């Protein structure tokens, strides 16, 4: 696989790295080229970048798997292929900086898996969510079975997969698909505002919320509690936190 840079639009707007999925003729379907190029933009991110917005060019975030490029795979090949998708999504989930996905139109299959890997999702009214692979006998291979139940619970996912059930953006915000809904206006603009806001954070804030928080929450409570006192004491004792404490306190 060679990364295909043509399938993305990458820009920097102040301290926000923006990454637009750019295959609007195929509704931003993910193929290997797209995913390898995306993996690249998320590697060795320049230090002036303090947030990432992933968005879609055109009406749609992503319709998921490229059905043209539909390949033929044995059990072994499919394990390797899914694992490669996982390694790309790892660059999102474990990004050094918060990744915010601006969702609109189709957020479907691997598109939804991709939105799941981001930290914050902002949904415009037109967005919708589906896991339509089930109808073709295909389970998810892009992290969805681990990431989406953490947002929406097993039972709603299981129903989606069994019946092809679709959710709107408006239903979706209540059920856990996104933290934000923009009923009138643009997901991209709001993600950019959010990007600019999270860009003000101390780096250790990011670490603690992006890395430590999901692990603390998932631990035995006694374990998570001690891990919390440790993360907190380290955060609090950092120079940046003292500088922020003093500035505010000084007036």
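Positions refer to the first chain, counted from 1.
Averaged over Cα atoms, the B-factor as recorded in the entry is higher for 131 to 139 than for the other of 131 to 139 and 158 to 166. The PDB entry reports B-factors from which the mean C-alpha value can be compared for 67 to 75 and 140 to 148; the larger average falls on 67 to 75. Remark: residue 31 belongs to the middle third of its chain, ranked by C-alpha B-factor as recorded. In the PDB entry, residue 174 places in the highest third of its chain by CA B-factor.
When the modelled residues of the chain are ordered by their C-alpha B factor, residue 23 lands in the lowest third. Per the deposited record, the Cα B-factor of residue 204 falls in the highest third when ranked against the other modelled residues of its chain.
When the modelled residues of the chain are ordered by their C-alpha B factor, residue 220 lands in the highest third.
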